[PDB]
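Proteins come first, then strands; the chains are lettered A, B, ... in the order of their sequence lines, and each starts at number 1.
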Amino acid sequence: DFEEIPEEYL
Amino acid sequence: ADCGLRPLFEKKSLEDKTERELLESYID
Amino acid sequence: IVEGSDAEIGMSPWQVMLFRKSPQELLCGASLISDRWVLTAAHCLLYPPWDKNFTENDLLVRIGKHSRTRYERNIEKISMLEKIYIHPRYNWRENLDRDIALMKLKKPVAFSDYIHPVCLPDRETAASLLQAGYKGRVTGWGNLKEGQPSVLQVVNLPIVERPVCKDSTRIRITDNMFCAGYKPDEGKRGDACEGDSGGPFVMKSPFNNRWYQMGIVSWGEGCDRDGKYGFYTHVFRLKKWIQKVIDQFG
Ligand SMILES: C[C@@H](C(=O)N1CCOCC1)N1CC[C@H](NS(=O)(=O)/C=C/c2ccc(Cl)s2)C1=O
Ligand SMILES: [Ca+2]
Ligand code: NA
C-alpha cells in the first residue's frame with residue numbers, strides 16, 4: 001500500500 | 001501572519017472549484 | 001471523506017498527514033498552524049480504551065501531500081515530533097470533550113506552494129462565522145465509505161443548529177463541540193469518516209479572504225448516515241489552551 005519513505009526520516 | 005492565504009489561490013487570486021459555495025452560504 | 005471529491009492541487013496546504021513509523025500507516029489528519037506547530041484531535045494520539053498511547057517517536061508528520069500513499073518527492077516534507085501536548089481535560093472516558101492536541105516539530109518546515117499554515121480564529125471571527133447554515137470545509141484521506149482514496153478528498157458541509165445536533169445522538173454534547181452535515185433528503189450529503197480525524201474544518205472569511213480553522217474532525221456515529229452528523233472540536237473555545245502551550249514551550 002504505502003511507498004517506502006527515505007530512511008533518514010526513520 | 002500570512003496565514004490562511006493559499007499560494008496557488010489567494011496569493012495569485014485564483015479560486016478553487018467550490019469556495020463560492022461556502023461564500024454563498026454566508027448570508028448575514 | 002464520504003461523498004466528497006478530489007481536492008485540487010494546493011487547495012489545502014495546511015493539511016497534515018499523521019503517519020505511523022511501523023507498521024507504516026496513516027493515523028489521522030492534522031493541520032499546520034505555524035512553521036513549528038501542528039494541530040490534531042487528541043484521540044489520534046491517546047485513546048486508552050483501544051490501547052492507543054503514542055509517543056513522539058512512534059510518529060511522523062507528512063506535510064504538503066496530495067497523494068495518500070506515494071512518497072511525493074520534492075513536494076512533501078516529513079517531520080519528526082519534538083513534543084506532544086494533550087489538552088489536560090480531554091475527556092476520553094466519556095465523549096471526547098476537548099478533543100485537541102498540539103505537536104511541536106523538531107525543526108521548522110519550509111513553506112511552498114503546497115505547504116502554508118491556516119489561521120486560528122479570534123473571538124470576532126468565531127462569533128461571525130459559527131452559525132447554523134454557514135458552510136465549512138473538511139479534508140482528509142480517510143475512508144470513502146463506512147475503500148481508501150488515492151488522493152486528498154474535500155467536502156463542504158453546513159453547520160447544524162445545536163438542538164438538532166443534540167437530538168441526533170444519545171451522546172452528551174458539550175459547548176466545545178459543534179456538528180455539521182446535511183439533513184436527510186436536503187438532496188445533498190457528505191461527511192468525514194475513519195482516518196479523517198484530527199483533520200481541519202475550515203471556513204473562508206468573507207471579510208478578509210483568509211481561511212480559518214474553526215473545527216477539528218472529532219467523531220461520529222458512522223459516516224454519512226441519514227439523521228446523523230459529524231462532530232468537530234470547537235477550536236476557538238479552546239484557544240486559551242492553544243495560546244498557553246505555544247507561549248510556554250515555543
Ligand atoms: C464515537 C467515536 C469515538 O468514540 N472515538 C473516535 C475514534 O477514536 C476513539 C474514540 N467514534 C468511534 C468510531 C467512529 N468512527 S467512524 O464511524 O469511522 C466515523 C468517523 C467520523 C464521522 C464524522 C466525523 Cl466528524 S468523524 C467515531 O468517530
Ligand atoms: Ca440526544
Ligand atoms: Na448525515
Any salt bridge linking [X] with [Y]? Criterion: basic side-chain nitrogen under 4.0 Å from a carboxylate oxygen.
{"X": "C:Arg189", "Y": "C:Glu3", "answer": "no"}
{"X": "C:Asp226", "Y": "C:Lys183", "answer": "no"}
{"X": "C:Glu72", "Y": "C:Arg70", "answer": "yes"}
{"X": "B:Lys11", "Y": "B:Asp2", "answer": "yes"}
{"X": "B:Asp16", "Y": "B:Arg6", "answer": "yes"}

Original post:
Do C:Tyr47 and C:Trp92 have ring centroids that are under 6.0 Å from one another?
Top reply: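 They do not qualify: ring centres at least 6.0 Å apart.
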Original post:
Can we call the ring centroids of C:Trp37 and C:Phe249 under 6.0 Å apart?
Top reply: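 Distance test on ring centres: not under 6.0 Å, no.
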Please answer whether the main-chain N or O of [Y] pairs with a side-chain N or O of [X] as donor and acceptor at a distance below 3.5 Å.
{"X": "C:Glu56", "Y": "C:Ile84", "answer": "yes"}
{"X": "C:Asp113", "Y": "B:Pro7", "answer": "no"}
{"X": "C:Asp35", "Y": "C:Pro108", "answer": "no"}

Distance-only donor-acceptor check, side chains [X] and [Y], under 3.5 Å:
{"X": "C:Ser197", "Y": "C:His43", "answer": "yes"}
{"X": "C:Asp99", "Y": "C:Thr233", "answer": "no"}
{"X": "C:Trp211", "Y": "B:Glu10", "answer": "yes"}
{"X": "C:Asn176", "Y": "C:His234", "answer": "no"}
{"X": "B:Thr18", "Y": "C:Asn156", "answer": "yes"}

**OP:** Check whether NZ of the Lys or CZ of the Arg C:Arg68 lies under 6.0 Å from the centre of the six-membered ring of A:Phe2 and within 45 degrees of that ring's axis.
**Re:**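 Geometry flag: set, cation within 6.0 Å and 45°.
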Original post:
Between C:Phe19 and C:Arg62, is there a cation-pi geometry (under 6.0 Å to ring centre, at most 45° from the normal)?
Top reply: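 Geometry flag: set, cation within 6.0 Å and 45°.
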Roughly how far apart are [X] [atom1] and [Y] [atom2], rounded to 0.5 Å?
{"X": "C:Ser168", "Y": "C:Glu221", "atom1": "OG", "atom2": "CD", "result": "6.5 Å"}
{"X": "C:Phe236", "Y": "C:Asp122", "atom1": "CZ", "atom2": "CG", "result": "7.5 Å"}
{"X": "C:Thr139", "Y": "C:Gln15", "atom1": "OG1", "atom2": "CD", "result": "3.5 Å"}

**OP:** Give me the one residue out of C:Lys107, C:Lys106, C:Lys104 that meets salt bridge (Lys or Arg N to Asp or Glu O under 4.0 Å) with C:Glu82.
**Re:**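 By the salt bridge (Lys or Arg N to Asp or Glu O under 4.0 Å) criterion, C:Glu82 pairs with just one of C:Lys107, C:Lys106, C:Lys104: C:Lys104.
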**OP:** Grab the two heavy atoms, one from C:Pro184 and one from C:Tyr229, that are nearest each other, plus how far apart they are.
**Re:**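 Heavy atoms of C:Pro184 and C:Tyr229 come nearest at CD-OH, 4.4 Å.
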Original post:
Can you name the one residue among C:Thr169, C:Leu96, C:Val160 that meets side-chain contact (heavy atoms from CB on, under 4.5 Å) with C:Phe231?
Top reply: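 It is C:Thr169; the other options fail the test.
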